[PDB]
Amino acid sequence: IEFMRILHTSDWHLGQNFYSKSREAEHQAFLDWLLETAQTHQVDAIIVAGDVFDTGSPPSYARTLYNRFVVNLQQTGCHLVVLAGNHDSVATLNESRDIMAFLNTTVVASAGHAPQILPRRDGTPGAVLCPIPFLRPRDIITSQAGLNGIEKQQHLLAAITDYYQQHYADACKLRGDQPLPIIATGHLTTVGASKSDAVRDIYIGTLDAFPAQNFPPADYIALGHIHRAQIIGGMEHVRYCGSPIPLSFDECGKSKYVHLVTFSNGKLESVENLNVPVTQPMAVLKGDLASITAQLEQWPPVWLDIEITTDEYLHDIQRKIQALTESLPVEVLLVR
């Protein structure tokens, strides 16, 4: 009865500048809970499916968040897989690639990483992982330079499909005849996924979206980049886990998850949705002036977004709220 448990997470965006406010305390708390969760469920590996950092130059406190989560995780014996997102810099994550290998951590920032055996906590082969980060076109086009022609939308899709195909074939070769689950990762936007504000466009001009049908028949596909946890293409085994904390206002109220993914005898057994404790209050106030005035006189100060369809002025609203909002147990970040 051989088991293999991984936790699936992504889109941390450590060092996000949220309307001039820090996400540190929230990320701190999340990483603490992630740490506790990893122990609670005797997890073998955590997979961070891209967008570790909000930018290619994370601030020190975000670099620190990252570094000592990895350190703290060592108490568990859980392996850590860190994949580059489109927000990450490859050079930034590779700064500590080799260092992280001494701390049981696989940092995969670029394309071209061969699949690998994921150990179980007793060091024995648990899964075969195709560690596929966000694929910069320049990296996978290294296959065949596609210039001076038409239909480049096609060329990229082919290159992504072919990439997964080559890696899946290699995973299968690596697995041999062992009853091992094959786990694939990725960082892109799939056909039909539901996005949020904080989800930047990628492959602008050459790939609208990636059809999930084009994914190899892995036992689980761990995706990131989309902040809302959803099943892709009707397939229980192809998933975005969502961001662990709300990265824009259109996501507050909604639940935050990491996926606990259990494998049994080489195959997927269950996907559990573990609720991430929300630790910073956010709310969106909608309507007219008097309505918005009537809303907030209810109520760690809650952050506020104030959406407004009342045509009067550009600046004048802002000053008006400034007046009505002051010295209330809140804090406002946006006005639209």
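All residue numbers refer to positions in the sequence shown, first residue = 1.
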Check your understanding: According to the PDB entry, how many deposited residues between residue 61 and residue 62 are absent from the model (none, 1 to 3, 4 to 9, 10 or more)?
Key -> none
Exercise for review: Quick one: say whether 208 to 216 or 194 to 202 has the higher mean Cα B-factor in the deposited entry.
Suggested key: 194 to 202
Exercise for review: Select between 50 to 58 and 64 to 72 the stretch whose C-alpha atoms have the higher average B-factor in the entry.
Suggested key: 64 to 72
Practice item. Tell me, please, which of 45, 284, 268, 276 has the highest C-alpha B factor according to the deposited entry? Key: 284
Revision key, fill the gap. So, residue 320's CA B-factor, relative to its chain, sits in which third? The highest
Study note, to complete from the structure: Binned into thirds over the chain's modelled residues, the C-alpha B-factor of residue 138 lands in the highest
Study note, to complete from the structure: Quick tally, chain-level thirds of C-alpha B-factors: residue 253 sits in the highest
Check your understanding: Compared with the other modelled residues in the chain, in which third is the CA B-factor of residue 154?
Key -> highest
Review point. Lowest, middle or highest third: where is residue 1 by Cα B-factor in its chain?
Key: highest
